[PDB]
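So the protein sequences, as listed, match chains A and B.
Take the first sequence: its letters are residues 10 to 904, numbered as in our numbering.
Take the second sequence: its letters are residues 21 to 69, numbered as in our numbering.
The C-beta atom is built at its ideal place from N, Cα and C for all residues, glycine as well.
Report on the structure given below.
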Amino acid sequence: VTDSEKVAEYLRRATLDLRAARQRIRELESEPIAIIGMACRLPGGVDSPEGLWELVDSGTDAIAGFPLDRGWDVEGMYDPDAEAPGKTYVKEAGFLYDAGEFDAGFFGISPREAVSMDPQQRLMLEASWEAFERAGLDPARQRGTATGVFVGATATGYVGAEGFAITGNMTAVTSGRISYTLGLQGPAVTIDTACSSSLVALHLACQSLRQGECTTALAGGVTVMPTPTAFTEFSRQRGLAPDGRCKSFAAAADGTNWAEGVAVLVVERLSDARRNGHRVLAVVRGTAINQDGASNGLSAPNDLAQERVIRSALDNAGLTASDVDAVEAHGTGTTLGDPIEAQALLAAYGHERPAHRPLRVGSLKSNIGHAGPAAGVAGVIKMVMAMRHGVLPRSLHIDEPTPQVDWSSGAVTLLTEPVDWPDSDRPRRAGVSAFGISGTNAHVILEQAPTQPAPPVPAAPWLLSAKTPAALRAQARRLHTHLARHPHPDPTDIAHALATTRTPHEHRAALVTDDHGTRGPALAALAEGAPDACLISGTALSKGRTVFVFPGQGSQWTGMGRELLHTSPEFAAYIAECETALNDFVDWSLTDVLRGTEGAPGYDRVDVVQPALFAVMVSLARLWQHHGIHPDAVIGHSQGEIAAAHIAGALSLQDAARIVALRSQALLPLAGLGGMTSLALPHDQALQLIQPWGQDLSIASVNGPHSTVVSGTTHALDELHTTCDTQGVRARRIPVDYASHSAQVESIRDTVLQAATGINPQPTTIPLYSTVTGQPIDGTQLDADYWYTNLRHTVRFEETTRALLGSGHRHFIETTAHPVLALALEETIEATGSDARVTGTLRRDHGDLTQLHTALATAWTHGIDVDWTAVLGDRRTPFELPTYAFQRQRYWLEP
Amino acid sequence: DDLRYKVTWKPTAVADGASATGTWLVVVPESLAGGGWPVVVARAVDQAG
Numbered sequence: 010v011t012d013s014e015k016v017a018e019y020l021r022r023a024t025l026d027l028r029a030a031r032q033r034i035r036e037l038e039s040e041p042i043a044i045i046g047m048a049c050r051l052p053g054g055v056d057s058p059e060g061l062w063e064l065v066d067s068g069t070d071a072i073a074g075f076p077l078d079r080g081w082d083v084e085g086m087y088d089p090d091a092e093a094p095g096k097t098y099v100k101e102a103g104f105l106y107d108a109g110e111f112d113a114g115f116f117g118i119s120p121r122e123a124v125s126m127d128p129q130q131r132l133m134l135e136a137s138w139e140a141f142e143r144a145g146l147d148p149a150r151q152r153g154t155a156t157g158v159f160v161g162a163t164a165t166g167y168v169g170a171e172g173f174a175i176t177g178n179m180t181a182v183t184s185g186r187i188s189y190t191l192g193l194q195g196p197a198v199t200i201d202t203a204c205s206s207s208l209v210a211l212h213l214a215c216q217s218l219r220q221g222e223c224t225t226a227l228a229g230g231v232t233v234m235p236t237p238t239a240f241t242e243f244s245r246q247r248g249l250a251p252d253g254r255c256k257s258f259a260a261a262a263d264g265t266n267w268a269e270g271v272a273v274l275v276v277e278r279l280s281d282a283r284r285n286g287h288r289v290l291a292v293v294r295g296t297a298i299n300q301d302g303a304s305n306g307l308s309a310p311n312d313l314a315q316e317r318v319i320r321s322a323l324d325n326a327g328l329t330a331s332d333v334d335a336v337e338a339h340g341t342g343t344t345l346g347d348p349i350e351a352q353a354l355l356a357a358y359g360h361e362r363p364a365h366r367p368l369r370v371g372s373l374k375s376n377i378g379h380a381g382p383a384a385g386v387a388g389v390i391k392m393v394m395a396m397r398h399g400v401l402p403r404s405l406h407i408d409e410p411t412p413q414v415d416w417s418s419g420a421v422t423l424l425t426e427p428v429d430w431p432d433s434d435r436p437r438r439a440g441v442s443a444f445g446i447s448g449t450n451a452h453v454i455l456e457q458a459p460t461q462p463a464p465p466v467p468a469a470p471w472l473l474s475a476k477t478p479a480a481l482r483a484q485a486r487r488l489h490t491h492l493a494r495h496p497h498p499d500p501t502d503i504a505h506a507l508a509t510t511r512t513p514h515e516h517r518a519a520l521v522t523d524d525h526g527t528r529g530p531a532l533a534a535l536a537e538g539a540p541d542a543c544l545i546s547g548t549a550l551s552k553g554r555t556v557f558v559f560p561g562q563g564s565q566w567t568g569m570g571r572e573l574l575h576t577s578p579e580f581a582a583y584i585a586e587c588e589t590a591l592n593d594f595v596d597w598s599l600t601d602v603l604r605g606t607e608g609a610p611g612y613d614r615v616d617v618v619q620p621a622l623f624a625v626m627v628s629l630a631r632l633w634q635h636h637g638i639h640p641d642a643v644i645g646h647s648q649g650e651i652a653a654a655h656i657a658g659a660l661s662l663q664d665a666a667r668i669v670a671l672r673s674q675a676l677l678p679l680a681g682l683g684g685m686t687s688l689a690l691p692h693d694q695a696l697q698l699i700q701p702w703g704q705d706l707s708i709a710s711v712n713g714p715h716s717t718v719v720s721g722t723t724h725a726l727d728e729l730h731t732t733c734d735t736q737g738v739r740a741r742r743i744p745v746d747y748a749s750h751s752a753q754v755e756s757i758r759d760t761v762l763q764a765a766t767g768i769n770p771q772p773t774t775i776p777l778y779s780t781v782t783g784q785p786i787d788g789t790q791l792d793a794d795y796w797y798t799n800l801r802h803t804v805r806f807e808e809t810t811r812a813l814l815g816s817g818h819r820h821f822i823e824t825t826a827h828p829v830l831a832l833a834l835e836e837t838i839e840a841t842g843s844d845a846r847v848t849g850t851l852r853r854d855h856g857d858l859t860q861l862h863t864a865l866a867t868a869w870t871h872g873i874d875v876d877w878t879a880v881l882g883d884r885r886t887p888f889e890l891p892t893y894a895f896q897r898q899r900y901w902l903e904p
Numbered sequence: 021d022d023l024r025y026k027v028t029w030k031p032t033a034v035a036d037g038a039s040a041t042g043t044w045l046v047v048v049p050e051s052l053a054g055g056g057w058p059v060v061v062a063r064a065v066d067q068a069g
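What follows is the structure, given as structure tokens:
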């Protein structure tokens with residue numbers, strides 16, 4: 010090779026590595042940070058970002074009278090004069106009248122601990138759970154994750170339970186508890202920088218994301234006033250407005266006013282959020298923080314510092330002054346603060362931009378007052394929601410722009426009335442300021458989220474769950490109301506969101522239907538709790554092992570599995586595998602028999618029903634396994650044992666097919682000689698009832714404590730039928746023509762010994778409970794004589810089920826085309842004082858995917874960890890759902 | 021002073037609400053006709069279920 014190409018390839022490698030390193034520098038210095046979730050509780054009845062948007066868009070003022078349930082002597086702590094201890098001239102301010110409300114039971118906190126718990130901690134816990142739920146993340150599954158918690162808070166002096174009172178009031182716990190209750194492992198830091206506390210925390214969170222120390226972070230703040238000390242002492246210097254309205258950037262600006270609140274953001278790196286398919290609401294592009302430093306007093310703003318922090322944030326974001334369309338100004342409403350902020354905004358933003366695109370300035374504090382530490386983060390939530398709706402809400406209580414600052418430049422304009430946000434030529438961008446009393450300024454730059462199918466599964470289950478039945482009903486009602494105000498959402502997306510992005514709680518319910526006309530009424534019926542055809546309900550079991558039951562004769566009907574052959578590809582593949590394994594010693598194709606094509610034998614013939622039942626049952630069991638329901642044991646019933654053996658790993662598919670086919674063929678000479686009859690009596694009564702007939706009859710099977718099957722000759726059978734009629738016993742006759750589990754099978758003994766010859770048993774991967782023995786059986790013992798005994802000796806299904814219940818098995822699943830042993834299993838369970846639950850796969854005339862999904866939903870409702878990823882696909886559109894319906898109760902310390 | 025009292029209006033948290041089940045009978049004066057409050061409350065109960 011020439012040296013030119015030899016060095017050219019090295020140059021290519023070097024420049025590619027250089028590009029990679031430069032991109033890494035770019036993403037390590039200033040990467041965009043996606044706000045994948047938000048949550049907030051603010052005055053004016055706000056409890057979600059949508060509530061905040063409704064409040065600001067309507068121009069509603071959340072200022073209201075003082076709380077009366079907090080022990081405040083509100084009548085005796087108001088006088089007009091501005092100089093008096095313990096008295097204030099402010100009548101109204103923002104408040105969270107449900108601040109003491111908290112769902113203690115949800116987080117495992119006892120009532121006595123909750124009473125001695127700071128309201129800030131409770132509000133932060135609830136808001137963090139809501140934020141995680143709104144981000145498409147299951148909060149329970151975040152346990153053990155490297156998730157940080159940066160929270161802005163202050164010590165507000167809220168104050169058998171001696172231990173709880175210590176950790177229940179320390180501000181350091183205000184973040185730590187969030188990472189303890191949820192089990193997060195990233196750093197938990199409680200910032201305290203006055204009004205800038207929350208926004209500053211968000212900046213720190215961004216750093217924690219950029220260094221790789223966190224994969225996700227909670228950035229937020231909380232503000233609660235258990236006592237009126239913020240109103241009495243601060244009013245000495247006429248700091249608060251007289252009427253209590255924060256007139257932001259208005260000539261009537263004559264003070265500020267405090268307000269409670271909480272606001273959190275679940276934030277992740279934009280690349281990581283895109284990789285995980287999370288919904289990105291907005292993008293923090295850059296942030297900056299500094300200090301006023303030298304200023305006219307400690308508590309006084311400095312315009313130069315605000316200009317510096319705004320410019321630093323713009324440089325960090327890599328955006329120009331003209332690139333920002335609007336700003337959420339701090340806007341405290343003070344006479345001295347507002348002109349300083351206006352001058353800073355005019356100098357920094359409104360200096361070089363088109364005259365026809367002035368910077369729109371607003372302030373959330375005009376609506377809800379000065380929210381305190383939680384203000385700044387709450388601000389971005391407003392600037393997110395408007396950014397989603399493309400409408401800039403108006404700022405209230407602005408009779409005219411204040412004359413202290415000069416608006417002659419015209420580059421900056423207040424939001425006197427709502428202004429439509431253009432969505433052309435560039436993404437929408439905005440800014441938020443959180444200038445603090447202590448002097449720490451903070452500015453954040455937000456950018457619009459960047460612009461980002463599978464076939465619809467039929468009869469997608471809609472899953473709901475809650476801690477208590479009342480919470481479940483509240484969840485159903487909330488979901489119904491949310492879906493009502495939605496233009497025909499995709500049902501499969503809703504199913505996927507409910508199944509994957511929500512925690513499975515104890516009390517569960519499901520809705521399975523193939524048409525979008527019953528889901529609404531079904532949700533309503535769940536809401537008021539009335540029953541419905543497509544509604545399923547239950548209480549999941551915390552512990553319990555699963556069992557697959559394999560009944561023998563009885564669960565057959567024409568067309569069974571016909572629909573699954575078309576709809577379900579996995580079932581078709583398993584049926585094809587069984588067909589290939591069964592073709593060797595059978596003179597017909599299984600697929601023709603199942604599909605009922607012309608010329609194929611019917612199910613009346615004995616030699617074909619057991620192979621077909623075996624294949625269908627094995628395919629259904631493997632389909633259950635494909636959905637993640639791996640059995641912890643198996644149990645058979647006469648021929649079903651063979652199928653169970655194949656699921657136990659004892660027998661290969663070829664061996665099981667050989668055994669079942671040849672054993673069914675060997676039963677042909679028995680046709681017409683006798684039959685079976687099922688009667689409802691205990692074992693002893695049935696046994697002594699057949700004594701007059703002696704050896705002619707025998708106990709074919711003991712299904713349950715009051716259900717047995719007796720097999721024998723037709724003459725003996727219909728002689729005993731009239732005796733049972735005399736005694737009044739519902740001796741139901743099984744439609745069969747062969748008296749197995751009786752003496753007649755001896756006549757064919759050698760043949761069945763030839764039927765099972767040549768097989769190669771192996772040890773069982775899954776335990777197998779043999780009905781013949783009544784206990785677990787070694788896989789290598791399933792020789793020919795074992796199968797002959799299974800055909801000959803009486804079945805002891807009841808004793809085997811009792812042993813299974815004793816061993817700690819709680820979920821019984823019948824893999825048949827129709828349940829036949831559900832009654833016996835339920836009778837055994839209720840006669841033992843065990844909380845086991847029985848389910849079936851299909852039913853008569855119901856074998857489509859709808860019935861399979863109904864069975865899966867019922868199994869999940871009973872508490873089986875069904876893998877819904879296989880059923881509903883791997884990933885779909887991130888449909889948004891309402892958060893958990895907390896059942897709050899009031900906890901507050903008396904004076 | 022033990023027997024002194026006063027009526028007042030405690031602020032309270034806004035209730036989340038629920039679905040308006042069944043049929044609701046709204047009765048309005050004929051003088052008002054379809055003006056302000058009647059049409060809007062009728063619409064509100066209509067969207068309430």
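Under 7 Å by beta carbon: chain A residues contacting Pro-49 (chain B): Within the second sequence, residue 49 (chain B) is the residue found at index 29, counting from 1. Those do not exist, as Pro-49 (chain B) stays about 28 Å from chain A at its closest Cβ, beyond 7 Å.
Contact belief for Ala-260 (chain A) with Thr-411 (chain A) at Cβ below 8 Å, rounded distance in angstroms: Here residue 260 (chain A) refers to the residue found at position 251 when the first sequence is read from its first residue. Here residue 411 (chain A) refers to the residue found at position 402 when the first sequence is read from its first residue. Taking a contact as a CB-CB distance under 8 Å, the pair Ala-260 (chain A) and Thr-411 (chain A) counts as one, their CB atoms being some 5 Å apart.
Closest by C-alpha distance to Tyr-778 (chain A), when choosing among A:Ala-812, A:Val-754, A:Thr-766, A:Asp-844: The residue you call residue 778 (chain A) lines up with position 769 of the first sequence. For the residues A:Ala-812, A:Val-754, A:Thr-766, A:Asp-844, the minimum Cα distance to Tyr-778 (chain A) belongs to A:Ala-812.
Member of A:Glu-426, A:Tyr-893, A:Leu-706 whose CA lies at the smallest distance from the CA of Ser-372 (chain A): By 1-based counting over the first sequence, the position of residue 372 (chain A) is 363. Ranking A:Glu-426, A:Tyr-893, A:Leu-706 by Cα distance to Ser-372 (chain A) puts A:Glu-426 first.
Span separating the alpha-carbon of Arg-284 (chain A) from that of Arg-884 (chain A): The residue you call residue 284 (chain A) lines up with position 275 of the first sequence. The residue you call residue 884 (chain A) lines up with position 875 of the first sequence. Near 12 Å, if we compare the C-alpha coordinates of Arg-884 (chain A) and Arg-284 (chain A).
Beta-carbon proximity of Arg-571 (chain A) to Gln-619 (chain A), cut-off 9 Å: Position 562 of the first sequence, counted from the start, is the residue given in the question as residue 571 (chain A). Position 610 of the first sequence, counted from the start, is the residue given in the question as residue 619 (chain A). It is not a contact, given that the beta carbons lie outside the stated cut-off.
Where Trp-138 (chain A) falls, given that 16 or more other Cβ within 10 Å makes a residue buried: Within the first sequence, residue 138 (chain A) is the residue found at index 129, counting from 1. Counting Cβ neighbours within 10 Å, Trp-138 (chain A) comes out buried, since at least 16 surround it.
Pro-776 (chain A) beta carbon less than 9 Å from that of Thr-789 (chain A): Within the first sequence, numbered from 1, the residue matching residue 789 (chain A) stands at position 780. Within the first sequence, numbered from 1, the residue matching residue 776 (chain A) stands at position 767. Between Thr-789 (chain A) and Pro-776 (chain A), the gap from beta carbon to beta carbon reaches 9 Å or more.
Helix, strand or coil at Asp-429 (chain A) [DSSP, three-state]: The residue you call residue 429 (chain A) lines up with position 420 of the first sequence. Residue state for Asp-429 (chain A) is assigned as strand, using DSSP reduced to three classes.
CB-CB length for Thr-859 (chain A) against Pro-467 (chain A), believed under 8 Å: For the purposes of this step, residue 859 (chain A) is taken as the residue at position 850 of the first sequence. For the purposes of this step, residue 467 (chain A) is taken as the residue at position 458 of the first sequence. About 7 Å; that satisfies the 8 Å criterion.
Contact between the stretch 717–732 of chain A and the stretch 680–692 of chain A (3+ Cβ pairs under 8 Å): Touching, per the Cβ criterion.
C-alpha gap between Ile-838 (chain A) and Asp-844 (chain A), whole angstroms: Position 829 of the first sequence, counted from the start, is the residue given in the question as residue 838 (chain A). Position 835 of the first sequence, counted from the start, is the residue given in the question as residue 844 (chain A). So the two alpha carbons sit approximately 7 Å from each other.
Secondary structure, alpha helix (DSSP H): runs of 4+ residues fully inside the stretch 733–820 of chain A: For the alpha helix (DSSP H) assignment, the uninterrupted runs of no fewer than 4 residues enclosed by the stretch 733–820 of chain A are, from N- to C-terminal side, 758–764, 793–801, 806–816.
Closest Cα partner of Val-65 (chain A) within the set A:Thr-878, A:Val-393, A:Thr-225: Translated into the one-based positions of the first sequence, residue 65 (chain A) becomes position 56. When only C-alpha atoms are compared, the closest one is A:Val-393.
Residues that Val-719 (chain A) bridges to, as DSSP identifies them: If you number the first sequence from 1, residue 719 (chain A) lands on position 710. Under DSSP, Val-719 (chain A) forms a beta bridge with A:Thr-686, A:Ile-708.
Residue of A:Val-781, A:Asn-376, A:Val-669 minimising C-alpha distance to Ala-764 (chain A): Residue mapping note: residue 764 (chain A) aligns to position 755 of the first sequence, counting from 1. Taking the Cα of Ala-764 (chain A) as reference, the smallest distance to any Cα among A:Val-781, A:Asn-376, A:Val-669 is reached at A:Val-669.
CB contact check: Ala-38 (chain B) to chain A, cutoff 9 Å: Counting from one through the second sequence, the residue named residue 38 (chain B) turns up at place 18. Yes, contact with chain A.
C-alpha gap between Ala-585 (chain A) and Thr-600 (chain A), whole angstroms: Numbered from its first residue, the first sequence carries residue 585 (chain A) at position 576. Numbered from its first residue, the first sequence carries residue 600 (chain A) at position 591. Going by the C-alpha atoms only, they are around 8 Å apart.
Within 9 Å, strictly: CB atoms of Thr-296 (chain A) and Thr-224 (chain A): Translated into the one-based positions of the first sequence, residue 296 (chain A) becomes position 287. Translated into the one-based positions of the first sequence, residue 224 (chain A) becomes position 215. Not closer than 9 Å, so no.
Chain-order list of residues whose beta-carbon lies under 6 Å from that of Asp-88 (chain A) (same chain, five-residue window excluded): Along the first sequence, read from residue 1 onward, the residue named residue 88 (chain A) stands at position 79. Result list for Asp-88 (chain A): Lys-96, in chain order.
Residue range of the alpha helix (DSSP H) that includes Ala-666 (chain A): Here residue 666 (chain A) refers to the residue found at position 657 when the first sequence is read from its first residue. For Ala-666 (chain A), the enclosing alpha helix (DSSP H) has its first and last residue at 662–675.
Element boundaries [alpha helix (DSSP H), containing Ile-503 (chain A)]: Counting from one through the first sequence, the residue named residue 503 (chain A) turns up at place 494. Note, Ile-503 (chain A): alpha helix (DSSP H), 500–509.
Every unbroken beta strand (DSSP E) inside the stretch 454–480 of chain A [3 residues or more]: Here the runs fully enclosed are 471–475.
Beta-carbon proximity list for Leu-574 (chain A), same chain, < 8 Å, skipping 5 on both sides: For the purposes of this step, residue 574 (chain A) is taken as the residue at position 565 of the first sequence. Counting only Cβ-Cβ distances below 8 Å, and skipping sequence neighbours, we find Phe-580, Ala-581, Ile-584, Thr-600, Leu-603, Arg-604.
Cβ of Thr-490 (chain A) within 9 Å of any chain B Cβ: Taking the first sequence and counting its residues from 1, one reaches residue 490 (chain A) at position 481. Any Cβ of chain B closer than 9 Å to the Cβ of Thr-490 (chain A) would place that residue at the interface, and such an atom is present.
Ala-353 (chain A) to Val-414 (chain A) span [Cα, whole Å]: In the first sequence, counting from the first residue as 1, residue 353 (chain A) sits at position 344. In the first sequence, counting from the first residue as 1, residue 414 (chain A) sits at position 405. Looking at the two C-alpha atoms, the distance is approximately 10 Å.
Residues of the stretch 25–37 of chain B with Cβ closer than 7 Å to any Cβ of chain A, in chain order: The stretch 25–37 of chain B vs chain A, Cβ under 7 Å: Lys-30, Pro-31, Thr-32, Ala-33, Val-34.
Amino acids of chain B, ordered along the chain, whose beta-carbon sits closer than 7 Å to that of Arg-486 (chain A): Locating residue 486 (chain A) in the first sequence gives position 477, where the first residue counts as 1. Chain B residues near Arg-486 (chain A): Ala-38, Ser-39.
Test: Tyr-98 (chain A) CB closer than 9 Å to a CB of chain B: Numbered from its first residue, the first sequence carries residue 98 (chain A) at position 89. Using a CB distance cut-off of 9 Å, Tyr-98 (chain A) does not count as an interface residue toward chain B.
9 Å Cβ cutoff met for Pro-470 (chain A) and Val-880 (chain A): As a working mapping, residue 470 (chain A) is identified with position 461 in the first sequence. As a working mapping, residue 880 (chain A) is identified with position 871 in the first sequence. In this structure, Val-880 (chain A) lies closer than 9 Å to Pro-470 (chain A) by Cβ.
DSSP bridge partner residues for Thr-97 (chain A) (one or two, in chain order): For the purposes of this step, residue 97 (chain A) is taken as the residue at position 88 of the first sequence. Bridge partners of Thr-97 (chain A): A:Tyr-87.
Chain A contact for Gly-69 (chain B) (CB, 9 Å cutoff): Translated into the one-based positions of the second sequence, residue 69 (chain B) becomes position 49. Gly-69 (chain B) counts as touching chain A.
Cβ pair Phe-141 (chain A), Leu-213 (chain A) closer than 9 Å: The sequence position of residue 141 (chain A) within the first sequence is 132, counting from 1. The sequence position of residue 213 (chain A) within the first sequence is 204, counting from 1. Taking 9 Å as the Cβ cut-off, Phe-141 (chain A) and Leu-213 (chain A) do not qualify as a contacting pair.
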